[PDB]
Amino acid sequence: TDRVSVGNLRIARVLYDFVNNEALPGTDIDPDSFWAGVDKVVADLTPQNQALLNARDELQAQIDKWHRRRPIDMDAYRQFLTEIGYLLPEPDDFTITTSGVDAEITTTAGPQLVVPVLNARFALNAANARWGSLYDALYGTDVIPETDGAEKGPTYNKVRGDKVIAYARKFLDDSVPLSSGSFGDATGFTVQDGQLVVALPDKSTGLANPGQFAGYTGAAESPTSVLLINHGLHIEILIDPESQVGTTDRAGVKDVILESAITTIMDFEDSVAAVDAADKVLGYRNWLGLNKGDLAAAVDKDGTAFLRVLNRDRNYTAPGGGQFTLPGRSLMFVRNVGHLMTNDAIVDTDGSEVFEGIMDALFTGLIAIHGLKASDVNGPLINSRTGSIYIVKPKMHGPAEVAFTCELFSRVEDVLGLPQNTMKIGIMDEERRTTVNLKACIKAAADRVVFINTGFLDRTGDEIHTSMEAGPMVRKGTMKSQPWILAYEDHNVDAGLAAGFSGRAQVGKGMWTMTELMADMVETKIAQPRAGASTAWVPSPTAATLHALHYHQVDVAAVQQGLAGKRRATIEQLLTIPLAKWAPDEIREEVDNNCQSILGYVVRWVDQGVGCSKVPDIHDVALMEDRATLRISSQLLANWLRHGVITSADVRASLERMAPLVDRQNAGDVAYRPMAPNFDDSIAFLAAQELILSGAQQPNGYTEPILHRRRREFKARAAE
């Protein structure tokens, strides 16, 4: 109670001061009125937030019980779901009306990067990732095998760099073909009569489609770069005969830059650990520096002191000679937490903590005002040309919960003195009660929705928890082939396209989690635009630039017109629970893999407040772990345990097997403290144990209650 009272709220000082001193100035909002609206909004919406949480609990207990009385009669099951209000009727057809949305969303198909907002260095990089080097992406990853002397080394390897160049030349041929011949034989480029002219050994050539020439830099007769466009994404050939790569190139080409992460999601949710006012202030401050345009982070390359800042916009000459400008930064969404958790950043008179999702709207809405204009006090950055603020709302269960978000935004808009529908919603489709009512969810947000996205990891976590009592589930790597998930994915696209999303809102698909396996990403992740998704999630800038390749090969707008108005998934498919028909080596492998990934993720969450980590699985595949991959592992094991496939002792023994391995993976991190051999003195080990043995008891299988409590424990113990 260094807490400032305002109405019935008791606001942590660090938050109060950050809001008044940093966030509020320049927004033209009177601070007294701000705080009294925070108070009114919290008092008015809290009881409905609680009622919606109680309803999830009520629905689950009814489902548990139904399974416990009960080979599933699917008609009887649908019926039961209809009677308790889980499965509601599908509304009449409609088209969404959302307006004031930027083209990066309504129109441009391309990769969407997600990043932990608490990590300024990564958050900057992500905003800067709208524009990335294809050469660095190819040279630095396994896309180009290290085969036939193309191995990376201390020095530029010309055998490898020549392979990169060729790979890029073919890409240029496929995306922006010349009228005659190949980019592989280009000797130079000029601009003549406002056309791109490409010099060959024969032969000068224009482009088969001259509308793919977007502009250039430098002199017409001797350009420093050539900007091209295909499928609404830009491609920049940098020309420099004198650069290290350029001198080795037939046309003195130094690099190919792809426009990649057209949008970026600055994440408050599953990729960060933020358990108290101090943690939330850290992320709100980074969100603030992003929208003001002044965020920075000291960066070290070869023991020289650099500063990472936001990219400035990019200046070009139009084909016909005028100057213009393309955005240097990807358009930023912010992902707020969902409806579940409270946070002690504010408590009321009785010391009850305030719902965090309510706070996130208020505070991330407030701070987003700075990126709606340029001024000294707002900073130079403008995030939206149309004045929209873009908020991803995760983990919603059903249309009532969407309507409640929309009402929250509406209430917040009045507090912030913003027009109604300024605050846009990106709806995660990642909970079962949302999937099976998806059209009504879209409908509840028909004037705010800017995206739907299959958050498949959370979605599998809910799948396991929802049917926890039905029997043992299949192994988690066997989920991808189950009818529920295949119908889920097609159904999401169907519903977005039937609601008129094409040309208006993103249809998005999920995250590639194998951070190092890029050759695989480039081979496999093309399926998502081919399925109609105008965007999909990538884990890094490098993965954005690589994924952009797929949007050049697939014409997603043409895909979408060819799928629109076609129903491909049925309710019954969507509701088919992934029940199993295992040898003990198969159970051992599943349990140990789940345990290893749990421990390796939780130990850095609890001990270090890192909410997204790269953690090798049992096969040494480096996986991106966040709360959602945790939700799956801990729910699958709780489900095996529930049904007697494994015992408690089994889980404990596995956890003891793998803790020493995680400790080894983490040695050479000077800040790491081992779990072994004193497992019970490890709050992080106990967290991982609790997530599994209490897993069935967690609401919707969510990991935040145990993780937030354990991280706070850990801070408290670090304090004395």
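Residue numbers run from 1 along the displayed sequence.
According to the entry, the deposited sequence has 1 to 3 residues without coordinates between residue 581 and residue 582. Per the record, residue 65 and residue 66 are directly connected, as no deposited residue between them is missing from the model. 147 to 155 and 502 to 510 differ in mean CA B-factor, and the higher of the two is recorded for 147 to 155. Mean CA B-factor, 490 to 498 versus 294 to 302: the higher value falls on 294 to 302.
Per the deposited record, the Cα B-factor of residue 703 falls in the highest third when ranked against the other modelled residues of its chain. Among all modelled residues in its chain, residue 433 ranks in the middle third by Cα B-factor.
In the PDB entry, residue 47 places in the middle third of its chain by CA B-factor.
When all modelled residues of the chain are sorted by CA temperature factor, residue 650 is found within the middle third.
Among the modelled residues of its chain, residue 261 has a C-alpha B-factor that falls in the highest third, as given in the PDB entry.
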